[PDB]
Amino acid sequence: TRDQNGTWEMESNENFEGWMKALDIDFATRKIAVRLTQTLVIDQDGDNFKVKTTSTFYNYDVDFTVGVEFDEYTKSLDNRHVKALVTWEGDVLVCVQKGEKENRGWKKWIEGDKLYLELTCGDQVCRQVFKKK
């Protein structure tokens, strides 16, 4: 389904360290971040998304409209400028972040009662699975 609305709690996180390292997230931050639990809150109305990711210490918050390119500064993450675009490929939501890093972005989709998130950067892929809270 294309409906990704809800509050989603992480149950699995594969190669998170590899992905953070590919983004050059500093080693000391990685140590704190790597095994934190995550809650992902998605508000979706038509093309309009509001996405909030939360953990004990960190948050990543972003609003976008499907099909509308937006320039991003990746602030507390890796401090880079990218050109972001989120679109649908079937029922997979696909984000491409054009910039220095190759293959940078994510894909998000629903299967059953679960949300799947694939984060990509360089040659690294991180796969996360969430259950609806």
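One-based numbering along the sequence shown.
Of the two segments examined, 54-62 and 92-100, it is 54-62 that shows the higher average Cα temperature factor in the deposited entry. Comparing 75-83 with 103-111, the higher mean C-alpha B-factor in the PDB entry belongs to 75-83. The PDB entry assigns the greatest CA B-factor among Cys121, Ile25, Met10, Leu117 to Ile25. When the CA B factors of the chain's modelled residues are split into thirds, the value for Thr1 lands in the highest one.
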